[PDB]
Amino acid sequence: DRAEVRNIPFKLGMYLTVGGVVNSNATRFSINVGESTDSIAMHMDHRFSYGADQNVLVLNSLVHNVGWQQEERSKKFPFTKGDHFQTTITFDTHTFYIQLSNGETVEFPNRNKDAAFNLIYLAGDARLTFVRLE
């Protein structure tokens, strides 16, 4: 199903590194950090072709029984279909700090000021090959 790391708490000052491969012909895939599949504090979507979006990163949060909030977008897109990627995430109570494969970084607000997350999952057209959460 989706690739999941569940109930191993991702807490303030810990680092998460995930690695994987993008599918050939991928439309989009996302890395999601939150509390459940309906409650995501950081959704990082990698859009190769989705609607009118082509080669864009879109970040947002999804509030439980409410829905997606305001999208933030990034132009940084060092990703290739069929190829490997590696992303490291850490956060404090105000900001998620994301570092991409090529060293570029993206920052996204920690909108709920949460201090720990119990679900990390990947969805869409990619697969995970390793994970370090420590």
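Just count from 1 along the sequence shown to find any residue number.
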Per the PDB record, is the mean Cα temperature factor higher over 123-131 or over 1-9?
-> 1-9
Mind pulling up the entry and telling me whether 50-58 or 79-87 has the higher mean Cα temperature factor?
-> 50-58
Return the residue from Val106, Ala26, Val66, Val33 that has the highest Cα B-factor in the entry.
-> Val66
Cα B factor band for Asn118 (lowest, middle or highest third within the chain) | middle
Chain-relative CA temperature factor third for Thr95 = lowest
